[PDB]
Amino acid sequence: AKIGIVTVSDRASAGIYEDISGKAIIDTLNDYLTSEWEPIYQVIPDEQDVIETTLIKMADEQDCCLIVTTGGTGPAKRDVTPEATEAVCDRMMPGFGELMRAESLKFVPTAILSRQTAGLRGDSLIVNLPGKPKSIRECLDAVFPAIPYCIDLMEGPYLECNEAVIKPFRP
């Protein structure tokens, strides 16, 4: 089981900020999973071609059953993570953005400003998350319960979870 983790951010990629977002993803997936898995981690600038390049590499060459991104989903000019995700996917999963936004609105009205989306590239699920750790955990909690079954639907690795933390639904 390989899961990709992409932090998208000029400042985090500069070695300016410490990367609290990519931290929260790895730590969350660690609380979630009891099966064996391998984190493939990268921090990259707000550059669309680079986002597209690094998603293709993880999915095509490294067999990530799942890639999660953080950053680059708001209305700022340089936020292009969703455009990059749309470009490298062959089909979109509109239910992910819908739910992540609906959950985040329990917290902040500005949840409607995220353009986060999800889609499939071959047998890889790609899911965009926002920058803030608290939002990361809340987005993953909303959406993760359905991810293992998605992977099984494309005959990928059988992800098993610590059920006291996250409960995967398999019909």
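Quick note: we count residues from 1 along the sequence shown, nothing fancier.
Novice: Comparing average C-alpha B factors as deposited, tell me which of 111-119 and 24-32 sits higher.
Specialist: Stretch with the greater average CA B-factor: 24-32.
Novice: Comparing 99-107 with 52-60, where is the mean C-alpha B-factor higher?
Specialist: Between 52-60 and 99-107, it is 52-60 that shows the higher mean C-alpha B-factor.
Novice: Place residue 166 in the lowest, middle or highest third of its chain's C-alpha B-factors, as listed in the PDB entry.
Specialist: Highest third, going by the recorded CA B-factors of the chain.
Novice: Going by the CA temperature factor in the PDB record, which third of the chain does residue 67 belong to: lowest, middle or highest?
Specialist: Lowest third - that is where residue 67 ends up once the chain's C-alpha B-factors are sorted.
Novice: Compare the C-alpha B factor of residue 44 with those of the other modelled residues in its chain, then answer lowest, middle or highest third.
Specialist: It belongs to the middle third of the chain when residues are ordered by C-alpha B-factor.
Novice: Quick one: classify residue 139 as lowest, middle or highest third of the chain based on its Cα B-factor.
Specialist: Ranked within chain, residue 139 CA B lands in the highest tercile.
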